[PDB]
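Take a look at the letters that make up each chain.
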Amino acid sequence: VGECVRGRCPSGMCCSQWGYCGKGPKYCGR
């Protein structure tokens, strides 16, 4: 359901290797 738009994040967040959006090293890798 909540996975990255249907492929990306909002213009400022990072899509994790879980396919889910956020910030920090679980999401941006840094």
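Residues numbered from 1 in each chain as written, not as in the entry; some residues may be left out. Heavy atoms only, no water.

- In the PDB header, solution NMR is given as the technique by which the entry was determined.

## Describing the state of the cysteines
Link 1 in the chain: Tallied over the full model, the rule gives three disulfides.
Link 2 in the chain: The disulfide that involves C9 links it to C21, with 2.0 Å between the sulfurs. You can see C9 sitting in the segment before β1 (14–15) and its partner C21 sitting in strand β2 (residues 21–22), a full 12 residues away along the chain.
Link 3 in the chain: The disulfide partner of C14 is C28, and the gap between their sulfur atoms is 2.0 Å. Its S-S torsion of about 85 degrees marks the bond between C14 and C28 as right-handed, since a negative value means left-handed. With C14 in strand β1 and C28 in the segment after β2, the pair connects residues that are 14 residues apart, well separated along the chain.
Link 4 in the chain: Overall, the relative accessible area of 16% leaves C14 in the buried class. (Disulfide = S-S within 2.5 Å. Helix = DSSP H or I, 4+ residues; strand = E, 2+ residues; numbered from the N terminus. Buried < 20%, exposed > 50% of the residue type's maximum accessible area, 1.4 Å probe, protein only.)

## Points about the packing of aromatic side chains
Link 1 in the chain: Under the definition given, this model contains zero aromatic pairs.
Link 2 in the chain: In this arrangement the basic side chain of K26 is found over the ring face of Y27, its NZ or CZ atom lying 5.5 Å from the centre. (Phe/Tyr/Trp six-rings, centres within 6.5 Å; stacked < 30°, edge-to-face > 60°. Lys NZ or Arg CZ within 6 Å of the ring centre and 35° of its normal.)

## So, a nonpolar patch on the surface
Link 1 in the chain: Judged by side-chain polarity, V1, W18 and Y20 come together as a nonpolar surface patch covering roughly 420 Å² of accessible area.
Link 2 in the chain: Summarising the element assignment, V1 is placed in the segment before β1.
Link 3 in the chain: Exposure remark for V1: the relative accessible area of 88% places this residue in the exposed category. (Patch = residues over 30% accessible without salt bridge, like charges linked within 9 Å, V, L, I, M, F, W, Y side chains within 5 Å. Areas by Shrake-Rupley, 256 points an atom, 1.4 Å probe, with all protein chains shown as cover. Salt bridge = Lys/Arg side-chain N within 4 Å of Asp/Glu carboxyl O.)

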